[PDB]
Amino acid sequence: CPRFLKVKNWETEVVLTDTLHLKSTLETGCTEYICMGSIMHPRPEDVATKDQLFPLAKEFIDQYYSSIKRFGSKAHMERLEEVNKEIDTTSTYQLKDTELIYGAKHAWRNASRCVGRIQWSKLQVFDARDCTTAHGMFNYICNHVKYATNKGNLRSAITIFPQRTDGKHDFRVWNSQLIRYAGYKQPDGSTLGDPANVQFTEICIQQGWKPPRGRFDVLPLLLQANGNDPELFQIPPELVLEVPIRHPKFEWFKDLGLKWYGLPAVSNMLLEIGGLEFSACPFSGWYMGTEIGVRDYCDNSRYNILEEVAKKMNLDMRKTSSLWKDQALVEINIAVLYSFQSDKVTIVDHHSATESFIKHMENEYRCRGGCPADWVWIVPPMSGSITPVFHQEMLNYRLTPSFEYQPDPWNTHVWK
Amino acid sequence: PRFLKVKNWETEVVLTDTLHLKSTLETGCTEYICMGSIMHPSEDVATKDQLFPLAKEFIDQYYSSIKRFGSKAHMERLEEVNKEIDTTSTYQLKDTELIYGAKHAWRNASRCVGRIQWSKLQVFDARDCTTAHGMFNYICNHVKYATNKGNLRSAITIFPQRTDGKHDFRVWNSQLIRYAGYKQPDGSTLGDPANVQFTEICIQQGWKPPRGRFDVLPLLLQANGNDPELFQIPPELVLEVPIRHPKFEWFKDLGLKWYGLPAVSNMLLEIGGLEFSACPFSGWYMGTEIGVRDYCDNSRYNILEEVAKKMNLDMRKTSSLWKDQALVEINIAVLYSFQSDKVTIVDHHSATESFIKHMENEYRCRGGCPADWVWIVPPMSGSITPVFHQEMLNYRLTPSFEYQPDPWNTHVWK
Ligand code: HEM
Ligand code: HEM
Ligand SMILES: CCO[C@@H]1C[C@H](CCc2cc(F)c(F)c(CCc3cc(C)cc(N)n3)c2)N(C)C1
Ligand SMILES: CCO[C@@H]1C[C@H](CCc2cc(F)c(F)c(CCc3cc(C)cc(N)n3)c2)N(C)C1
Ligand SMILES: C[C@H](O)[C@H](O)[C@H]1CNc2nc(N)[nH]c(=O)c2N1
Ligand SMILES: C[C@H](O)[C@H](O)[C@H]1CNc2nc(N)[nH]c(=O)c2N1
Ligand SMILES: [Zn+2]
């Protein structure tokens, strides 16, 4: 393999040189003869073995002591020695608080699909490795939401639950996000609420939830601790900051009755640090406008409001070449940004966000020797070519520590 | 080495890809690093040794395509190409193979959203051409046929293959019809900034520039490795659309216009090991190629500020989405203008819809369709088109269109 890789920005002619790719660890799914960069996901009861774990822990501990300019120190060699002994006598090991914090920050720093990574170093890490029950999971998660929401001045956070052991005692948040809206399939095939969450809502309802059956019902937390069956918990509604969507120029836009929650918090991913697997690690930041305005509101298999918005704009909807869809999508995304800003809820438009990412990516090349980025995800779902990332060549590779996907818990859980 | 599935996440349609098992050119990716966003991922004169397998493979898929694999014609066409590579170090394609080759290079073009049309391709054989005047003649016939008074038709003209690398046929323009770009004394750029260097090459070669904003560049034609020569396309062959908006009547005051015929002239057509370094090909525009990229790139006409100015939009903050609002209007005007002048154009909703249908077809009858998501997804309104939620496998099939160095970096004058 080659030691230097060049990427070019075709708008500004800047050429950057990647050496960091040499440290990539996992497979991309691509080979010499096929590229899978547009594939979304290129037994979970199986856990790492002693001999698998020794080099994974050593690699991470080396990286950690290199970051603190203590590589090869006495502290470093004693840490290696200590971790090798735990793995030998228990087939696992425990991270120090400082290592858990470094690893989490670096999982975000390595997240090739995240346009927000300029902020990676500023991440509040909540250590919840002492949790044993689902009530305690709920307690930890409520503090996360409250801290991260911060009355509208959102702060990025992660809460980390105990690592996997034998695979039969996993902690999971069954929710895909801490805060989502319920989706109710109707007898007539229509959908009330959020179509993306129909399946999860049926699971909550089965487990005992009484749904209000409205358009914006915050789902309950479904929490699994130490491998037990999950348990329901209603987030205190005063902890769920919401934003009603109105438009600066169109008086009627509030009449759609749209609102959205302020805190995007992914809760279904796996955090891998030095070969340890933290199956429950909800993390939160703040929204880029387009995630709400374009996808959540205008995807066909979502709230699907372009039609109704276009009707109220009186657009010719008979032919596609009028571009009525594109015209309504922009107004929708103006109303989303206008609403969050009026209510002083942190949010970022796709211009500012991509602009920050280019600056971040250049800094990482300069100071770190590269910045893995997944162009298919970094480029916003609207107005792509008028943002700087569109013209930026990117290298995509998997560095550890990292956030990974994992199967849905209802597909694997053994019921007590 | 398996059948691979691709999922559409809107419709949940899953297609199974076997065609990739037949590819042999490289993508640029590795198990550890993906280069799906590198534009040109990573001398060229092959010898007899490399040439016969490539040729044998191409004849194989040709006779396979016409339901006569392993026939007498197939046996004999193999030995004819064998003898010919043997003695002359190259070989000549039949007319049928040439047509089949050009159509399948289009069909194999991962970056092209317009491939549902791939087999309606008019192939002009120009392999008898020897001079730049002959090139100019074949190019004028191409432009006249493909334009067709507005009802455009897909066409490719194929000049002689590369031989020793010293006698290359090259069209120095990147497209047959483009506007010129001028560096100003005050620093700015008049016309099209992407063509500033090529415009100076033409001026240096004797061209007298009008120094307007939409000046059609002359053809610069290189035949058999000689110095390129300048030719003016007859203006009556150059169809142009003045851009006006159906709601904003001030839009015509902008004085914008574009040409009707997109005709890529700087690529290399590779068929069965043969290199056609001159093969201008043309179809018709997707509205966004003009209205998003040509007019609204920073490194191009960069007209967004002017438009949102006349729309009287709040341009202080980025979060008013004033760029995005002006972009849709510009792209309505392009589509409105072309349709009103009855020049063939497709909008990015209809084209991506067609490409999905094309994909279904190719998976049905061919077992796959190589597709470059990065290039297939339109440069605006991405996720409200069907291709955004379409998984695509990218892989390199031949015959194919490849990039080649710009001639002014390679050519040795005299
Ligand atoms: C602070 C502001 C943040 C912004 C503006 C932001 C922005 C984004 C966006 C727009 C995406 C694409 C999401 C999608 O389209 O589904 C994304 C993905 C992602 N982000 Fe960030 N994010 C932020 C915070 C974070 C934090 C705090 C973490 C981890 C500590 C993180 C890790 C990730 C990961 C792992 C993905 C990939 C998710 C997936 O594959 O589904 N992000 N981010
Ligand atoms: C007939 C209507 C056609 C439409 C609507 C269409 C559409 C497109 C578009 C939008 C692109 C991306 C172009 C860019 O951003 O530079 C593209 C690329 C491409 N098209 Fe098509 N196309 C058409 C015809 C053709 C024909 C007739 C050929 C060949 C005979 C062809 C071969 C290619 C190739 C090789 C590329 C890749 C260009 C590159 O890598 O720079 N296309 N097409
Ligand atoms: C199924 C139909 O469309 C679906 C919708 C979804 C649209 C994008 C999206 C919508 C959300 F509401 C959401 F919470 C996230 C979370 C991502 C995230 C995480 C963090 C930490 C910060 C931040 N800003 N964002 C992403 N996309 C995956 C496909
Ligand atoms: C450097 C960054 O900016 C640049 C701008 C440019 C914008 C895209 C573009 C604009 C054109 F005017 C054009 F003719 C073509 C030709 C493509 C084509 C070929 C055929 C056969 C048919 C058809 N319909 N289109 C493409 N894009 C490559 C990047
Ligand atoms: C960096 C990136 O590869 C480059 O800017 C690409 C992105 N996608 C594109 N897609 C199309 N259709 N045309 C282009 O020129 C580009 N440019
Ligand atoms: C098919 C394709 O892989 C898929 O639709 C991707 C495209 N890019 C994306 N980009 C972001 N940010 N989020 C997404 O969900 C997707 N979906
Ligand atoms: Zn790849």
Side-chain angles (χ1 to χ4, degrees), chain A residues 1 5 7-8 10-11 21 24 26-40 289 294-295 298-301 306 320-323 325-327 329-330 333-334 337-338 341 349 351-352 355 373-376 379-386 390-398, chain B residues 4 6-7 9-10 20 23-39 287 292-293 296-299 304 318-321 323-325 327-328 331-332 335-336 339 347 349-350 353 371-374 377-384 388-396:
Chain A
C1 243
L5 291 179
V7 307
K8 183 173 189 190
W10 291 89
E11 185 162 66
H21 68 270
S24 61
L26 339 165
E27 316 310 282
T28 60
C30 308
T31 75
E32 245 90 320
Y33 293 97
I34 181 149
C35 171
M36 302 207 183
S38 70
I39 299 289
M40 207 171 290
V294 180
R295 310 297 311 284
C298 295
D299 277 17
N300 287 317
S301 51
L306 279 176
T320 54
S321 63
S322 74
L323 301 196
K325 288 203 176 151
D326 323 60
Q327 217 152 20
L329 180 69
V330 173
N333 276 266
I334 293 174
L337 289 160
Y338 173 68
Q341 288 177 3
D349 60 83
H351 303 293
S352 169
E355 178 178 331
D374 184 324
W375 193 104
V376 167
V379 173
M382 71 170 289
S383 301
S385 84
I386 64 180
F390 179 95
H391 309 270
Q392 177 65 56
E393 288 187 351
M394 290 164 204
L395 289 174
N396 197 13
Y397 46 90
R398 313 256 298 274
Chain B
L4 308 169
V6 297
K7 184 176 188 181
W9 295 89
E10 290 285 65
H20 70 281
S23 88
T24 41
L25 302 175
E26 283 186 336
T27 78
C29 299
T30 81
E31 284 81 348
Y32 293 93
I33 297 96
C34 170
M35 290 187 194
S37 61
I38 316 296
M39 168 119 43
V292 182
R293 309 301 314 285
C296 295
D297 273 10
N298 285 344
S299 344
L304 273 177
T318 47
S319 14
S320 79
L321 299 198
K323 289 194 182 180
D324 319 65
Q325 260 181 117
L327 187 79
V328 178
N331 275 279
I332 287 163
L335 290 166
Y336 175 75
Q339 284 161 2
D347 69 68
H349 298 291
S350 178
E353 200 160 324
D372 184 327
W373 195 96
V374 166
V377 168
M380 75 179 278
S381 300
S383 68
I384 61 170
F388 181 97
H389 320 254
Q390 180 68 55
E391 294 188 340
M392 303 176 194
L393 295 177
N394 196 19
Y395 49 94
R396 191 143 247 292

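Scope of the values below: all heavy atoms of this structure, side chains included, with no hydrogens, waters or symmetry mates. In the text below, chain A, chain B and the rest are named by the order of the sequence lines, each starting its count at 1.
Counting only distance, with no hydrogens or angles, the side chain of B:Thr30 and the backbone of B:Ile33 share a donor-acceptor pair below 3.5 Å. Judged purely by atom type and a 3.5 angstrom limit, B:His349 has no side-chain atom pairing as donor or acceptor with the backbone of A:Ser321. Under a 3.5 Å cut-off, the side chain of B:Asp297 and the backbone N or O of B:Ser299 do not form any donor-acceptor pair.
Using a 4.5 Å cut-off between heavy atoms, B:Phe388 contacts chain A through its side chain alone, with no backbone atom that close. Both the backbone and the side chain of B:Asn331 come within contact range of chain A, with heavy atoms under 4.5 Å apart. The parts of A:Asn396 that come within reach of chain B are both its backbone and its side chain, each placing non-hydrogen atoms under 4.5 angstrom from that chain. In this structure, chain B has a heavy atom under 4.5 Å from the side chain of A:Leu329, while its backbone stays farther away. Contacts between B:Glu353 and chain A at a heavy-atom distance below 4.5 Å are absent for every atom of the residue. Both the backbone and the side chain of B:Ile332 come within less than 4.5 Å of a heavy atom in chain A. Looking at A:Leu306, the atoms closer than 4.5 Å to chain B (heavy atoms on both sides) all sit in the side chain, from C-beta outward. In this structure, chain A has heavy atoms under 4.5 Å from both the backbone and the side chain of B:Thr318.
Annotation: side chain of A:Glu393 is in contact with side chain of A:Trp10 (closest heavy-atom distance under 4.5 Å). Annotation: side chain of A:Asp326 is not in contact with side chain of A:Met382 (no heavy-atom distance under 4.5 Å).
Contact tally against chain B (heavy-atom pairs below 4.5 Å) for A:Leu5, A:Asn300, A:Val7, A:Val294: the top residue is A:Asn300. By number of non-hydrogen pairs under 4.5 angstrom with chain B, the leading residue of A:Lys8, A:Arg295, A:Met36 is A:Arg295. Top candidate by heavy-atom pairs under 4.5 Å with chain A, chosen from B:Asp372, B:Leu335, B:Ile38, is B:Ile38. Your options are B:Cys34, B:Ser350, B:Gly36, and the one with the most heavy-atom pairs under 4.5 Å with chain A is B:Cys34.
With sequence neighbours excluded, the residues satisfying side-chain contact (heavy atoms from CB on, under 4.5 Å) with B:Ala371 are B:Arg115, B:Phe355, B:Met392.
For the atom pair CZ of A:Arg398 and CD of A:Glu27, the computed distance is 8.0 Å after rounding to the nearest 0.5 Å.
Side-chain N/O atoms of B:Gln390 and B:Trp373 include no donor and acceptor closer than 3.5 Å.
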